[PDB]
Amino acid sequence: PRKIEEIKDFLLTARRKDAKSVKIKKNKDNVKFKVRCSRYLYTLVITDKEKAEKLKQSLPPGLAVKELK
Amino acid sequence: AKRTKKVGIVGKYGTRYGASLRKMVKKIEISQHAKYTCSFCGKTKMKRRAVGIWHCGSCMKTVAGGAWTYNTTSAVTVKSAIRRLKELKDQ
Amino acid sequence: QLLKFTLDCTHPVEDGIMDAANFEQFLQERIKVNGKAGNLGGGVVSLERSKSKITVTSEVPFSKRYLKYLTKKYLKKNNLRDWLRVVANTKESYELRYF
RNA sequence: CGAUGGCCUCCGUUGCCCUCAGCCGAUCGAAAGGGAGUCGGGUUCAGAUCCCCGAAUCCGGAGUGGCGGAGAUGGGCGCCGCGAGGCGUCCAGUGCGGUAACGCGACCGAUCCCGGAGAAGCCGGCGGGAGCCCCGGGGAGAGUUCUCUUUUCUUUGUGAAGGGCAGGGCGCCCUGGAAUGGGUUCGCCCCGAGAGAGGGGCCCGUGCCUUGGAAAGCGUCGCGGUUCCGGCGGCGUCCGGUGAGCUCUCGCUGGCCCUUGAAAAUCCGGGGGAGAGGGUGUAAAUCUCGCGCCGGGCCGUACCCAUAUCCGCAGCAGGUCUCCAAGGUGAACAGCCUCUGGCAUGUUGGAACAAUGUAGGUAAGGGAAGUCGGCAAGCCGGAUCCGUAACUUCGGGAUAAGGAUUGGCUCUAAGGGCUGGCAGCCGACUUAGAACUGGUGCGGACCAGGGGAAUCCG
Ligand SMILES: [Mg+2]
Ligand SMILES: [Mg+2]
Ligand SMILES: [Mg+2]
Ligand SMILES: [Mg+2]
Ligand SMILES: [Mg+2]
Ligand SMILES: [Mg+2]
Ligand SMILES: [Mg+2]
Ligand SMILES: [Mg+2]
Ligand SMILES: [Mg+2]
Ligand SMILES: [Mg+2]
Ligand SMILES: [Mg+2]
Ligand SMILES: [Mg+2]
Ligand SMILES: [Mg+2]
Ligand SMILES: [Mg+2]
Ligand SMILES: [Mg+2]
Ligand SMILES: [Mg+2]
Ligand SMILES: [Zn+2]
């Protein structure tokens, strides 16, 4: 697993051809975006909430999204 | 305090092997375990590694020597005589 | 700092085999604070009776498990152990239910 | 040199010539030696590091290399343009930083040569880190409640692989030059061949945090499928402290040797500098950097592993190599009792309680008179405080011999850490002394040396 700490490189890895699916985990005080690539699983952690759901529509349309309920 | 009155390093042997044998090995054990002065670096760190190996703790130089002492009388006389032969041969 | 706990003996009182009275004075005699069971150790700990809802309030550290232990002692004393059982609905709460 | 294929470009495939050069000897020999790389959760009637789910990782391969990044893009001159910036000539460019230890994401290079790792005994002491045990609390669920008990018991977490930080070690570096010698260990040991004192660097970081990761696991309470369900829900998985404690592991240091305590496969670094690239760009050769693509064939895998799956003719009191190891007492992995786990008394039961047995005990008075012979049994036995002879190879004899004490309960005194001659706050077992007290009993079970004087032999 690899943690992504700045905002934009997460989208950069998300738009790679290798990426399979992104799953959204919504626990208290954190929001985790997990993108599954061939080699690693990249996790981006957002502390607040508003960045999270204004990014939720910024993922590429062709990439599968799964909300963990 | 003085623990033993006339037995030294061979006090570890208890009452075995005989007094004459024990006092014969006493001097050899003392010499073997003694630390000598390294003629190279001047430190007192010339300790015996094995039979005839004398290694310097800090100088990191090892020398071939006697089995129980760093030097041997035969060796020192031989060295002196050979030096004399060397100087006399070429004058 | 406030500590607040509740006891719900509603099922057995509506059934009609025990009443909340003996429960309440059992508490205000046998609650001991710093090991002294007299007069609740002063007004440091307060007891209140609602409709089959026994409320205990305090500020000195208190034990929800203390409360459970006392109600189990009551059940044994008045012979309800094989009928009733004390469980926890949520935090700061206990309630008595059947088997 | 000769021929072929692919846009015959550039390379591959050969066939011949030139040139280059050791083998320690074919080959076999370890399911405990060396040997890259997989962990967690779930699942069966019987299989799981192998199946499923999820996270990884090693090795090998690839015409066009799939891609980024590095090699890399600067300076001079004549210019244009107010400048910004843009033209035309030359020149460089196989990386950069730190005084140094060394650091940075890569940072060309052959035959050859050097070195390292693999690759090392036994014992002692100490320190660090885990697991376990222990103490004080918060929860959740159980047990007792004739009286008492804020009570007793169970449970209360995070993998591999990355990143960061503690914490350990350094025989690593820079400044400076020390006697009134200093630093320092349980012990040692260290220093003008550079100590103390400052400031750095490196290695291991199995610990903590984070990504994994709460989504899963577990403990409880409640609803479902009336079932065939990785069913669905609520809550919780918390805060601390100590220890010459035990086990494992890492590290430092010392002792012993007429004992010095493996080899090879495999891998890596360095010295050299034969070669290759391009003429200023669409830069090239080349990359042990990041990501991406493909594959990993063959054999074993069930179970027993022992008072019933092995060998003794057998379900034979024999024999047969290992890892894990709780609480109390206690020096103790001793003996005795208990918890997790296991078992049904060892190839039969019932009723009687004669002799003689086998295995345990106790005996008045005497105390070896028994017997070949104190055979057997019995006495002593731990610990603390006194005391300890002849002889001696001077080390021993020695726990010599011989004495006194030992319970319970209530106290006193001494022995430490952290924070701000003092004050406050925490604390772990010890040692000594005293009083009181019991039908003189106190190493109360268990554990647990009888002694002395001599002779012979070794
Ligand atoms: Mg072989
Ligand atoms: Mg092998
Ligand atoms: Mg220094
Ligand atoms: Mg959960
Ligand atoms: Mg098996
Ligand atoms: Mg029997
Ligand atoms: Mg039987
Ligand atoms: Mg049997
Ligand atoms: Mg039998
Ligand atoms: Mg008698
Ligand atoms: Mg008698
Ligand atoms: Mg007779
Ligand atoms: Mg006997
Ligand atoms: Mg004697
Ligand atoms: Mg004689
Ligand atoms: Mg003999
Ligand atoms: Zn020297």
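Structure data summary
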{"read-out": "Long-range amide H partners of B:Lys61 with built H, under 5 Å", "value": "B:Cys56"}
{"read-out": "Compactness of the range C:1-72, expressed as Rg and Dmax over alpha-carbon positions, Å", "value": "12.3, 38"}
{"read-out": "Fewest-first sequence of B:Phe40, C:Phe99, C:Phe62 by Cβ atoms within 10 Å of each Cβ", "value": "C:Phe99, B:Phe40, C:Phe62"}
{"read-out": "Per principal axis, descending, Cα span of the protein assembly as shown in whole Å", "value": "128, 72, 36"}
{"read-out": "Cleavage-rule hits, GluC sites (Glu not before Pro), the range A:1-51, DSSP coil, Cβ neighbours within 10 Å at most 14", "value": "A:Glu5, A:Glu6"}
{"read-out": "Sorted by Cβ density within 10 Å, fewest first, the residues C:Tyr94, B:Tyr17", "value": "B:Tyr17, C:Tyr94"}
{"read-out": "√(5λ) per eigenvalue of the Cα gyration tensor, chain B, largest first, Å", "value": "34, 18, 11"}
{"read-out": "Rg(Cα) / (2.2 N^0.38 Å) computed for the range B:17-61, rounded to two decimals", "value": "1.43"}
{"read-out": "Residues C:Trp83, B:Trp68 arranged by fewest to most Cβ contacts within 10 Å", "value": "C:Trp83, B:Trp68"}
{"read-out": "Candidate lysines - alpha carbon under 24 Å from B:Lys12, same-chain residues fewer than 8 apart omitted", "value": "B:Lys2, B:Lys23, B:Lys26, B:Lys27, B:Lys35, B:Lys47"}
{"read-out": "Length-normalised contact order for chain A - Cα pairs under 8 Å, 6+ apart - percent", "value": "36"}
{"read-out": "Set of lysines near A:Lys56 by C-alpha distance (under 20 Å), chain-local residues within fewer than 8 positions excluded", "value": "A:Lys3, A:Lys8, A:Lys17, A:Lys20, A:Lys23, A:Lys25, A:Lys26, A:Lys28, A:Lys32, A:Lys34, A:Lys66, A:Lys69"}
{"read-out": "Size descriptor, Kirkwood hydrodynamic radius, that averages inverse alpha-carbon separations across chain A, Å", "value": "12.0"}
{"read-out": "Under Karplus coefficients 6.51, -1.76 and 1.60, residue-wise ³J(HN,Hα) of the range B:48-54 in Hz, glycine/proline x", "value": "6, 8, 9, 5, x, 9, 10"}
{"read-out": "Value of relative contact order over chain B, rounded to a whole percent, pairs C-alpha under 8 Å and six or more apart", "value": "15"}
{"read-out": "Candidate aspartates and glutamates for bridging to C:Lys91, where Cα separation is under 14 Å - those fewer than 8 sequence places away on the same chain excluded", "value": "C:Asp8"}
{"read-out": "Alpha carbon centroid spacing (whole Å) that separates the range B:6-20 from chain A", "value": "81"}
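Bear in mind that the values in this text are calculations on the coordinates, not laboratory data. Cβ coordinates were reconstructed from backbone atoms using ideal geometry, including for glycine residues, and neighbour counts include every protein chain displayed.
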